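J.: File name start.cif; file contents mmCIF, C-alpha atoms and all ligand atoms; full text below.
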```cif
data_upload
loop_
_atom_site.group_PDB
_atom_site.id
_atom_site.type_symbol
_atom_site.label_atom_id
_atom_site.label_comp_id
_atom_site.auth_asym_id
_atom_site.auth_seq_id
_atom_site.Cartn_x
_atom_site.Cartn_y
_atom_site.Cartn_z
ATOM 1 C CA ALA A 2 -12.753 5.465 -11.585
ATOM 2 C CA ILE A 3 -11.812 6.718 -8.109
ATOM 3 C CA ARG A 4 -12.588 3.869 -5.691
ATOM 4 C CA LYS A 5 -13.058 4.153 -1.938
ATOM 5 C CA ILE A 6 -10.024 3.327 0.193
ATOM 6 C CA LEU A 7 -10.736 0.886 3.014
ATOM 7 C CA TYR A 8 -9.734 1.746 6.570
ATOM 8 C CA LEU A 9 -8.705 -0.367 9.512
ATOM 9 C CA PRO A 10 -10.345 -2.468 10.971
ATOM 10 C CA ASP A 11 -11.906 -3.617 7.683
ATOM 11 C CA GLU A 12 -11.175 -7.343 7.536
ATOM 12 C CA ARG A 13 -10.561 -7.174 3.779
ATOM 13 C CA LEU A 14 -7.259 -5.467 4.688
ATOM 14 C CA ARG A 15 -6.280 -8.583 6.674
ATOM 15 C CA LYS A 16 -6.781 -11.194 3.956
ATOM 16 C CA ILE A 17 -3.850 -12.836 2.209
ATOM 17 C CA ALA A 18 -4.278 -11.549 -1.338
ATOM 18 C CA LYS A 19 -4.393 -14.102 -4.174
ATOM 19 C CA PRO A 20 -1.959 -13.986 -7.113
ATOM 20 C CA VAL A 21 -3.133 -12.405 -10.335
ATOM 21 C CA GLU A 22 -3.921 -15.225 -12.758
ATOM 22 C CA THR A 23 -5.503 -13.422 -15.729
ATOM 23 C CA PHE A 24 -4.264 -10.338 -17.572
ATOM 24 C CA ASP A 25 -7.592 -9.267 -19.074
ATOM 25 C CA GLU A 26 -9.300 -5.929 -19.726
ATOM 26 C CA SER A 27 -10.702 -5.897 -16.187
ATOM 27 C CA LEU A 28 -7.144 -5.957 -14.820
ATOM 28 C CA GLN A 29 -6.143 -2.902 -16.857
ATOM 29 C CA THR A 30 -9.259 -1.078 -15.638
ATOM 30 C CA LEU A 31 -8.352 -2.006 -12.060
ATOM 31 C CA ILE A 32 -4.793 -0.715 -12.501
ATOM 32 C CA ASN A 33 -6.049 2.545 -14.015
ATOM 33 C CA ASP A 34 -8.612 2.972 -11.226
ATOM 34 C CA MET A 35 -5.934 2.328 -8.594
ATOM 35 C CA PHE A 36 -3.705 5.031 -10.085
ATOM 36 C CA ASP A 37 -6.650 7.464 -10.127
ATOM 37 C CA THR A 38 -7.443 6.582 -6.506
ATOM 38 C CA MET A 39 -3.803 6.934 -5.440
ATOM 39 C CA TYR A 40 -3.403 10.341 -7.084
ATOM 40 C CA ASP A 41 -6.699 11.540 -5.611
ATOM 41 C CA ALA A 42 -5.488 10.545 -2.125
ATOM 42 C CA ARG A 43 -2.106 12.180 -2.884
ATOM 43 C CA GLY A 44 -0.264 8.911 -2.248
ATOM 44 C CA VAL A 45 2.781 7.241 -3.807
ATOM 45 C CA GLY A 46 1.550 3.650 -3.581
ATOM 46 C CA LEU A 47 -1.676 1.703 -3.358
ATOM 47 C CA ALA A 48 -2.325 -2.038 -3.051
ATOM 48 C CA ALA A 49 -5.430 -3.742 -4.422
ATOM 49 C CA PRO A 50 -6.619 -4.947 -0.964
ATOM 50 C CA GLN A 51 -6.880 -1.281 0.020
ATOM 51 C CA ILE A 52 -9.798 -0.874 -2.418
ATOM 52 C CA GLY A 53 -11.344 -4.238 -1.528
ATOM 53 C CA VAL A 54 -9.775 -6.368 -4.295
ATOM 54 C CA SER A 55 -7.886 -9.382 -2.923
ATOM 55 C CA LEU A 56 -5.156 -9.522 -5.563
ATOM 56 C CA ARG A 57 -1.365 -9.300 -5.226
ATOM 57 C CA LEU A 58 -1.201 -6.072 -7.197
ATOM 58 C CA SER A 59 0.111 -2.601 -6.344
ATOM 59 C CA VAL A 60 0.707 0.670 -8.196
ATOM 60 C CA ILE A 61 3.523 3.113 -7.389
ATOM 61 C CA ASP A 62 4.539 6.601 -8.481
ATOM 62 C CA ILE A 63 7.281 7.971 -6.220
ATOM 63 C CA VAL A 64 7.646 11.389 -7.880
ATOM 64 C CA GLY A 65 3.934 11.878 -8.567
ATOM 65 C CA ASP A 66 4.251 13.238 -12.115
ATOM 66 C CA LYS A 67 3.110 10.039 -13.916
ATOM 67 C CA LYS A 68 6.493 9.883 -15.689
ATOM 68 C CA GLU A 69 7.595 6.584 -14.078
ATOM 69 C CA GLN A 70 4.490 4.645 -13.087
ATOM 70 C CA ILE A 71 5.344 1.243 -11.614
ATOM 71 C CA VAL A 72 2.921 -1.684 -11.459
ATOM 72 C CA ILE A 73 3.939 -4.719 -9.404
ATOM 73 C CA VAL A 74 1.958 -7.909 -10.008
ATOM 74 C CA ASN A 75 2.722 -10.987 -7.906
ATOM 75 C CA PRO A 76 5.855 -9.512 -6.284
ATOM 76 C CA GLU A 77 8.486 -11.466 -4.409
ATOM 77 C CA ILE A 78 11.416 -10.046 -2.447
ATOM 78 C CA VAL A 79 14.576 -11.456 -3.997
ATOM 79 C CA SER A 80 17.021 -9.743 -1.606
ATOM 80 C CA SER A 81 17.206 -7.043 1.036
ATOM 81 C CA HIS A 82 19.936 -5.175 2.873
ATOM 82 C CA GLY A 83 20.143 -3.351 6.187
ATOM 83 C CA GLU A 84 17.479 -2.225 8.628
ATOM 84 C CA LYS A 85 16.514 1.283 9.642
ATOM 85 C CA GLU A 86 13.730 3.407 11.039
ATOM 86 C CA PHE A 87 11.159 5.094 8.803
ATOM 87 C CA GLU A 88 8.510 7.602 9.834
ATOM 88 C CA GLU A 89 5.483 6.087 8.127
ATOM 89 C CA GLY A 90 1.787 6.483 7.407
ATOM 90 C CA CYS A 91 -0.825 4.507 5.510
ATOM 91 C CA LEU A 92 -3.850 5.503 3.418
ATOM 92 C CA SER A 93 -5.797 2.730 5.178
ATOM 93 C CA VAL A 94 -4.888 4.087 8.635
ATOM 94 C CA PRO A 95 -5.540 7.799 7.943
ATOM 95 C CA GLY A 96 -4.315 10.241 10.558
ATOM 96 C CA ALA A 97 -1.896 7.815 12.262
ATOM 97 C CA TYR A 98 1.858 8.220 11.781
ATOM 98 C CA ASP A 99 4.682 6.419 13.587
ATOM 99 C CA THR A 100 8.174 4.939 13.351
ATOM 100 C CA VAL A 101 8.696 1.436 11.978
ATOM 101 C CA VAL A 102 11.786 -0.571 11.035
ATOM 102 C CA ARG A 103 12.197 -2.012 7.540
ATOM 103 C CA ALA A 104 15.014 -3.047 5.241
ATOM 104 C CA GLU A 105 17.159 -0.216 3.926
ATOM 105 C CA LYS A 106 17.484 -1.673 0.415
ATOM 106 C CA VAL A 107 15.260 -4.233 -1.317
ATOM 107 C CA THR A 108 15.117 -5.913 -4.721
ATOM 108 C CA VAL A 109 11.708 -7.153 -5.860
ATOM 109 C CA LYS A 110 10.826 -9.295 -8.858
ATOM 110 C CA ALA A 111 7.320 -9.027 -10.272
ATOM 111 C CA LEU A 112 5.294 -8.893 -13.465
ATOM 112 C CA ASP A 113 4.632 -5.508 -15.045
ATOM 113 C CA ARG A 114 1.125 -4.426 -16.038
ATOM 114 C CA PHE A 115 1.434 -6.485 -19.251
ATOM 115 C CA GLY A 116 2.815 -9.640 -17.627
ATOM 116 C CA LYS A 117 6.489 -9.160 -18.448
ATOM 117 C CA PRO A 118 8.845 -10.104 -15.588
ATOM 118 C CA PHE A 119 11.024 -7.317 -14.264
ATOM 119 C CA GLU A 120 13.102 -6.540 -11.213
ATOM 120 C CA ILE A 121 13.266 -3.271 -9.311
ATOM 121 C CA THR A 122 15.729 -2.251 -6.601
ATOM 122 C CA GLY A 123 14.797 0.504 -4.183
ATOM 123 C CA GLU A 124 16.291 2.551 -1.387
ATOM 124 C CA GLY A 125 14.708 5.349 0.633
ATOM 125 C CA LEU A 126 11.031 5.998 -0.052
ATOM 126 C CA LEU A 127 10.838 3.403 -2.852
ATOM 127 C CA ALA A 128 12.280 0.668 -0.618
ATOM 128 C CA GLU A 129 9.868 1.665 2.141
ATOM 129 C CA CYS A 130 6.945 1.703 -0.279
ATOM 130 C CA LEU A 131 7.734 -1.679 -1.881
ATOM 131 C CA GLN A 132 7.868 -3.369 1.542
ATOM 132 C CA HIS A 133 4.731 -1.557 2.719
ATOM 133 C CA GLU A 134 2.904 -2.704 -0.440
ATOM 134 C CA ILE A 135 3.925 -6.340 -0.057
ATOM 135 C CA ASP A 136 2.786 -6.179 3.576
ATOM 136 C CA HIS A 137 -0.660 -5.020 2.370
ATOM 137 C CA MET A 138 -0.828 -8.111 0.134
ATOM 138 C CA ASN A 139 -0.109 -10.264 3.207
ATOM 139 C CA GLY A 140 -2.763 -8.622 5.374
ATOM 140 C CA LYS A 141 -0.189 -6.679 7.414
ATOM 141 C CA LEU A 142 -0.535 -3.004 8.339
ATOM 142 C CA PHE A 143 2.264 -0.874 9.744
ATOM 143 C CA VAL A 144 0.510 -0.384 13.084
ATOM 144 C CA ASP A 145 0.990 -4.121 13.672
ATOM 145 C CA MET A 146 4.683 -3.426 14.311
ATOM 146 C CA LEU A 147 4.111 -0.762 16.979
ATOM 147 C CA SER A 148 4.069 -1.021 20.769
ATOM 148 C CA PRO A 149 0.656 -1.527 22.417
ATOM 149 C CA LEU A 150 0.582 2.095 23.576
ATOM 150 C CA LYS A 151 1.478 3.416 20.126
ATOM 151 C CA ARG A 152 -1.091 1.153 18.449
ATOM 152 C CA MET A 153 -3.741 2.419 20.863
ATOM 153 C CA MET A 154 -2.732 6.001 20.046
ATOM 154 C CA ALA A 155 -2.901 5.278 16.317
ATOM 155 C CA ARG A 156 -6.414 3.879 16.706
ATOM 156 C CA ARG A 157 -7.500 6.987 18.606
ATOM 157 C CA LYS A 158 -6.237 9.220 15.783
ATOM 158 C CA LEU A 159 -7.924 6.999 13.196
ATOM 159 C CA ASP A 160 -11.227 7.193 15.084
ATOM 160 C CA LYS A 161 -11.003 10.994 15.244
ATOM 161 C CA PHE A 162 -10.401 11.076 11.477
ATOM 162 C CA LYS A 163 -13.460 8.883 10.876
ATOM 163 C CA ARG A 164 -15.647 11.072 13.106
ATOM 164 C CA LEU A 165 -14.497 14.191 11.260
ATOM 165 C CA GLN A 166 -15.286 12.682 7.849
ATOM 166 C CA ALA A 167 -18.729 11.625 9.078
ATOM 167 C CA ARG A 168 -19.554 15.221 10.098
ATOM 168 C CA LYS A 169 -19.083 16.365 6.495
ATOM 169 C CA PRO A 170 -22.283 16.978 4.477
HETATM 170 CL CL CL B 201 -0.854 3.176 1.856
HETATM 171 NI NI NI B 202 -0.689 1.496 3.397
#
```
Can the structure from this file be put into structure tokens for me?
Ligand SMILES: [Cl-]
Ligand code: NI
T.:
Amino acid sequence: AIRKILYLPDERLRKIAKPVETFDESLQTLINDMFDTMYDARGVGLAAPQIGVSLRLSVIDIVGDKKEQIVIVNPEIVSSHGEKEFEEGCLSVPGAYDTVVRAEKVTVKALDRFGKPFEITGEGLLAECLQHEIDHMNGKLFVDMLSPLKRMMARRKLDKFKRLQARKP
């Protein structure tokens, strides 16, 4: 159920994910496994490329209490407003946190986990998460937006995290 999260520089994180074409039982299992993986990592969003599945699919739970689980399949940004700084991290760049600029408000259209079209508008953390998720589906990671010095620092923190995990029994 709980799948391993991939870390930079895994090239599977850099692929352009393919649209979901088939809503079958395997897709529901994938969605359920992604939720389990996201909750285990104590995250609020997870994109399929982050577990090695090259599909334009993400799961979201902003509050964390499973009361409003969001699944976005084949999302497209229909509109956005404003631009502001966010202090941001990423489950696929563990240990590295920095400031990036994204839209302040975004409206996304997608299919839900059963294929029904819906639209969602977000501000704050939800807006940040939606844009971060779509970036993952396009092979983009937040460190790509940083200065060379800050990207180098992020990689150093990531490498320290990896070394620490490898020392565990
Ligand atoms: Cl993430
Ligand atoms: Ni991420």
J.: Which is closest to ligand NI 202 (chain B) among A:117, A:106, A:164, A:15, if we use only C-alpha atoms and all ligand atoms?
T.: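 Selected residue with least distance to ligand NI 202 (chain B): A:15.
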J.: Which one is closest to ligand NI 202 (chain B): A:47, A:60, A:131, A:111? Count only C-alpha atoms and all ligand atoms.
T.: A:47
J.: Using all atoms listed in the file, can you tell me which of A:18, A:150, A:109, A:130 comes closest to ligand NI 202 (chain B)?
T.: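 The shortest atom-to-atom distance to ligand NI 202 (chain B) comes from A:130.
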J.: Produce a table with one row for each residue of chain A that has an atom at most 8 Å from any atom of ligand NI 202 (chain B), each row naming the nearest atom pair and its distance in Å at one decimal; use all atoms listed in the file; arrange rows by chain and rising residue number; format as CSV.
T.:
```
residue,atom,partner,partner_atom,distance
A:46,CA,B:NI202,NI,7.6
A:47,CA,B:NI202,NI,6.8
A:48,CA,B:NI202,NI,7.5
A:51,CA,B:NI202,NI,7.6
A:90,CA,B:NI202,NI,6.9
A:91,CA,B:NI202,NI,3.7
A:92,CA,B:NI202,NI,5.1
A:93,CA,B:NI202,NI,5.5
A:94,CA,B:NI202,NI,7.2
A:133,CA,B:NI202,NI,6.3
A:134,CA,B:NI202,NI,6.7
A:137,CA,B:NI202,NI,6.6
A:142,CA,B:NI202,NI,6.7
A:143,CA,B:NI202,NI,7.4
```
J.: To verify the selection step, state as a list in words which residues the PyMOL selection byres (((chain A and resi 2) around 7) and not hetatm) yields on this input.
T.: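 With the PyMOL selection byres (((chain A and resi 2) around 7) and not hetatm) on this model, the match is residues 3, 4, 34 and 37 of chain A.
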J.: The PyMOL selection byres (((chain A and resi 156) around 10) and not hetatm) on the file shown: which residues, as a PyMOL selection string?
T.: chain A and resi 9-10+94-97+144+150-155+157-162
J.: Every residue with an atom at most 9 Å from (1.9, 1.1, -14.6) (file coordinates; all atoms listed in the file) is what I'm after, so could you write them as number ranges by chain?
T.: A: 32-33, 36, 60-62, 69-73, 113-115
J.: Could you tell me, as a short mmCIF file (atom, residue, chain, number, x, y, z; two decimals) with C-alpha atoms, in the coordinates of the input, exactly which residues end up selected when the PyMOL selection byres (((chain A and resi 101) around 7) and not hetatm) is applied to this structure?
T.:
```
data_model
loop_
_atom_site.label_atom_id
_atom_site.label_comp_id
_atom_site.auth_asym_id
_atom_site.auth_seq_id
_atom_site.Cartn_x
_atom_site.Cartn_y
_atom_site.Cartn_z
CA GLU A 86 13.73 3.41 11.04
CA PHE A 87 11.16 5.09 8.80
CA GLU A 88 8.51 7.60 9.83
CA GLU A 89 5.48 6.09 8.13
CA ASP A 99 4.68 6.42 13.59
CA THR A 100 8.17 4.94 13.35
CA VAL A 102 11.79 -0.57 11.04
CA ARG A 103 12.20 -2.01 7.54
CA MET A 146 4.68 -3.43 14.31
#
```
J.: Restricting the calculation to only C-alpha atoms and all ligand atoms: of A:44, A:53, A:65, A:140, which residue gets closest to ligand CL 201 (chain B)?
T.: A:44
J.: Distance atom CA of residue A:141-atom CA of residue A:107, one decimal place?
T.: 17.9 Å
J.: For atom CA of residue A:19 and atom CA of residue A:55, determine how far apart the two atoms are, in Å to one decimal place.
T.: 6.0 Å
J.: So how many Å separate atom CA of residue A:147 and atom CA of residue A:59, to one decimal?
T.: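 Separation between atom CA of residue A:147 and atom CA of residue A:59: 23.7 Å.
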J.: Can you work out which one of A:64, A:128, A:54, A:6 has the shortest atom-to-atom distance to ligand CL 201 (chain B), counting all atoms listed in the file?
T.: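 Answer, going by the shortest atom-to-atom distance: A:6.
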J.: Select, from A:66, A:77, A:84, A:129, the residue with the minimum atom-to-atom distance to ligand CL 201 (chain B), counting only C-alpha atoms and all ligand atoms.
T.: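 When distances to ligand CL 201 (chain B) are compared using only C-alpha atoms and all ligand atoms, the smallest one comes from A:129.
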J.: Tell me which residues come within 8 Å of (14.4, -10.5, -4.5), as a list in words, counting all atoms listed in the file in the file's coordinates.
T.: residues 77, 78, 79, 80, 81, 107, 108, 109, 110 and 120 of chain A
J.: If I wrap all listed atoms of stretch 23-34 of chain A in a box with edges along x, y and z and add 5 Å on each side, what are its centre and edge lengths in Å to one decimal, as AutoDock Vina command-line options?
T.:
```
--center_x -7.5 --center_y -5.2 --center_z -15.5 --size_x 16.4 --size_y 26.4 --size_z 18.5
```
J.: Fix up stretch 107-126 of chain A with N, CA and C atoms, then write it as a PDB file, in the coordinates of the input.
T.:
```pdb
ATOM      1  N   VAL A 107      16.005  -3.035  -0.948  1.00  0.00           N
ATOM      2  CA  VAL A 107      15.260  -4.233  -1.317  1.00  0.00           C
ATOM      3  C   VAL A 107      15.249  -4.371  -2.833  1.00  0.00           C
ATOM      4  N   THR A 108      15.284  -5.612  -3.309  1.00  0.00           N
ATOM      5  CA  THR A 108      15.117  -5.913  -4.721  1.00  0.00           C
ATOM      6  C   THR A 108      13.911  -6.826  -4.838  1.00  0.00           C
ATOM      7  N   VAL A 109      12.963  -6.437  -5.682  1.00  0.00           N
ATOM      8  CA  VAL A 109      11.708  -7.153  -5.860  1.00  0.00           C
ATOM      9  C   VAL A 109      11.626  -7.599  -7.309  1.00  0.00           C
ATOM     10  N   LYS A 110      11.198  -8.840  -7.528  1.00  0.00           N
ATOM     11  CA  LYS A 110      10.826  -9.295  -8.858  1.00  0.00           C
ATOM     12  C   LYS A 110       9.312  -9.392  -8.935  1.00  0.00           C
ATOM     13  N   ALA A 111       8.765  -9.055 -10.095  1.00  0.00           N
ATOM     14  CA  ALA A 111       7.320  -9.027 -10.272  1.00  0.00           C
ATOM     15  C   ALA A 111       7.026  -9.098 -11.760  1.00  0.00           C
ATOM     16  N   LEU A 112       5.738  -9.116 -12.097  1.00  0.00           N
ATOM     17  CA  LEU A 112       5.294  -8.893 -13.465  1.00  0.00           C
ATOM     18  C   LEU A 112       4.847  -7.444 -13.611  1.00  0.00           C
ATOM     19  N   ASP A 113       5.121  -6.852 -14.769  1.00  0.00           N
ATOM     20  CA  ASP A 113       4.632  -5.508 -15.045  1.00  0.00           C
ATOM     21  C   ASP A 113       3.148  -5.575 -15.412  1.00  0.00           C
ATOM     22  N   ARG A 114       2.562  -4.439 -15.790  1.00  0.00           N
ATOM     23  CA  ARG A 114       1.125  -4.426 -16.038  1.00  0.00           C
ATOM     24  C   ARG A 114       0.733  -5.232 -17.272  1.00  0.00           C
ATOM     25  N   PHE A 115       1.698  -5.658 -18.082  1.00  0.00           N
ATOM     26  CA  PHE A 115       1.434  -6.485 -19.251  1.00  0.00           C
ATOM     27  C   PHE A 115       1.941  -7.911 -19.086  1.00  0.00           C
ATOM     28  N   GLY A 116       2.378  -8.286 -17.890  1.00  0.00           N
ATOM     29  CA  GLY A 116       2.815  -9.640 -17.627  1.00  0.00           C
ATOM     30  C   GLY A 116       4.278  -9.920 -17.872  1.00  0.00           C
ATOM     31  N   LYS A 117       5.075  -8.907 -18.197  1.00  0.00           N
ATOM     32  CA  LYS A 117       6.489  -9.160 -18.448  1.00  0.00           C
ATOM     33  C   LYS A 117       7.254  -9.124 -17.130  1.00  0.00           C
ATOM     34  N   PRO A 118       8.076 -10.130 -16.837  1.00  0.00           N
ATOM     35  CA  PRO A 118       8.845 -10.104 -15.588  1.00  0.00           C
ATOM     36  C   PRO A 118       9.863  -8.976 -15.594  1.00  0.00           C
ATOM     37  N   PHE A 119      10.013  -8.343 -14.438  1.00  0.00           N
ATOM     38  CA  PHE A 119      11.024  -7.317 -14.264  1.00  0.00           C
ATOM     39  C   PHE A 119      11.499  -7.373 -12.827  1.00  0.00           C
ATOM     40  N   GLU A 120      12.620  -6.713 -12.570  1.00  0.00           N
ATOM     41  CA  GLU A 120      13.102  -6.540 -11.213  1.00  0.00           C
ATOM     42  C   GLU A 120      13.340  -5.063 -10.965  1.00  0.00           C
ATOM     43  N   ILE A 121      13.079  -4.649  -9.733  1.00  0.00           N
ATOM     44  CA  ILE A 121      13.266  -3.271  -9.311  1.00  0.00           C
ATOM     45  C   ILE A 121      13.992  -3.282  -7.976  1.00  0.00           C
ATOM     46  N   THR A 122      14.998  -2.424  -7.846  1.00  0.00           N
ATOM     47  CA  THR A 122      15.729  -2.251  -6.601  1.00  0.00           C
ATOM     48  C   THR A 122      15.440  -0.856  -6.077  1.00  0.00           C
ATOM     49  N   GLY A 123      15.113  -0.768  -4.796  1.00  0.00           N
ATOM     50  CA  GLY A 123      14.797   0.504  -4.183  1.00  0.00           C
ATOM     51  C   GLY A 123      15.584   0.754  -2.913  1.00  0.00           C
ATOM     52  N   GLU A 124      15.866   2.034  -2.679  1.00  0.00           N
ATOM     53  CA  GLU A 124      16.291   2.551  -1.387  1.00  0.00           C
ATOM     54  C   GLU A 124      15.342   3.682  -1.014  1.00  0.00           C
ATOM     55  N   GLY A 125      15.527   4.228   0.186  1.00  0.00           N
ATOM     56  CA  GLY A 125      14.708   5.349   0.633  1.00  0.00           C
ATOM     57  C   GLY A 125      13.213   5.091   0.542  1.00  0.00           C
ATOM     58  N   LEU A 126      12.489   6.076   0.002  1.00  0.00           N
ATOM     59  CA  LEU A 126      11.031   5.998  -0.052  1.00  0.00           C
ATOM     60  C   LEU A 126      10.558   4.816  -0.893  1.00  0.00           C
TER      61      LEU A 126
END
```
